[PDB]
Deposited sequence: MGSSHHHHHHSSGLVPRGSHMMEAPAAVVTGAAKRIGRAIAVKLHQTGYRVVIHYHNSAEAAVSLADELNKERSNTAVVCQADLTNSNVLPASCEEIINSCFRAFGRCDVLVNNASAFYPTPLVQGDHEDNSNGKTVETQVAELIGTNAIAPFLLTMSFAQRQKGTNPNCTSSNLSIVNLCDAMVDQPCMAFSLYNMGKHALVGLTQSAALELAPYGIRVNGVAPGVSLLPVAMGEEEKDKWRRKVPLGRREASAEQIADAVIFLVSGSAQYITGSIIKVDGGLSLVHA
């Protein structure tokens, strides 16, 4: 049988590109989404038209709360219910917005969303994936610029740094079970939908390799490498895919 992967926040953008590339490589995919129901079903429809019964959707809020563990448990369970196995987990879903230190969500909600989606949910999903258990691995979407952060993004930066810690800790602890745990760290890839072209070009111009953002496919390419048999001895590694951005001084 074909292996199966869960990709979180897979309805659009980088998460879709990953689910699509995994699907093209022969994986069955759970397309997790939160709010983007139309886009999720649309993608699953496309993949199922390509090979029937190879894609399902799974809705869940990944904000931290007392029920986040159950929701993460259910995402993994969805993969086993659909396909009878779960070989790969990609932790892609992420909230991203400013939380200035010197200052209409409460700070408690910001913490829940930015730390929950970027770090706590990846942890609980990792726990569930491991407990529910060939080439098993987890790939965490990290951030190449965590050490040179955008001004006023403390909470998002904290969550991405915690995700590096999870990557290392989980690679260590799960290696005995043959589960590898690695990261992919974009620099600038698909810019935010809300960002104007002028601001987008300011970022593009900073990138040494080509003065352009990574395509979603270029990010997926690295994920596909880490899940592949060509990475069978790689665990605890985070591959930057940033066209040299993180090497550029102020």
Checklist entry - According to the record, which stretches of the deposited sequence lack C-alpha coordinates? => result 1-22, 126-133, 164-172
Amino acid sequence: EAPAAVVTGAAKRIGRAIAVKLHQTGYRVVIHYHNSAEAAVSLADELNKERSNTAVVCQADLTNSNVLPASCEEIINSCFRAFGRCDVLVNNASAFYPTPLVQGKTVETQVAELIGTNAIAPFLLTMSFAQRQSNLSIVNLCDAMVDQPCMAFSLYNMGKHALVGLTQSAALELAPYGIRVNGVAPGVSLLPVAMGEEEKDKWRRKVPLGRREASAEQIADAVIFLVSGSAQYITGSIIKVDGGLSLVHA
From here on, numbers count along this sequence of modelled residues.
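Rigid core here is just the name for the largest C-alpha set that superposes within 1.5 Å across the two forms.
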Checklist entry - Do the Cα atoms of 209-217 or those of 53-61 sit farther, on average, from the shown form in 9 other deposited structures of this protein after fitting on the core? => result 209-217
Next on the checklist: For at least a third of the other PDB entries compared, is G165 missing from the model even though its neighbours are present?
Outcome noted: no
Next on the checklist: Tell me whether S78 is absent from the model in at least one third of the other entries compared, counting only those where the residues either side are present.
Outcome noted: no
Checklist entry - For the C-alpha atoms alone, is the average B factor greater in 104-112 or in 151-159, going by the entry? => result 104-112
Next on the checklist: Using only C-alpha atoms and the B-factors in the entry, which stretch averages higher, 218-226 or 54-62?
Outcome noted: 54-62
Item to check | Of the residues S71, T167, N77, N118, the one carrying the largest Cα B-factor as recorded | outcome: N77
Item to check | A2 CA temperature factor, ranked by third within the chain | outcome: highest
Item to check | Relative C-alpha B-factor of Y177, binned into the chain's lowest, middle or highest third | outcome: highest
Checklist entry - Within this chain, which third does the Cα B-factor at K12 fall in: lowest, middle or highest? => result highest
Checklist outcome for this item: Chain-relative C-alpha B factor for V193 (record values, thirds): the highest
Next on the checklist: Ranking every modelled residue in this chain by its Cα temperature factor as given in the entry, which third contains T25?
Outcome noted: highest
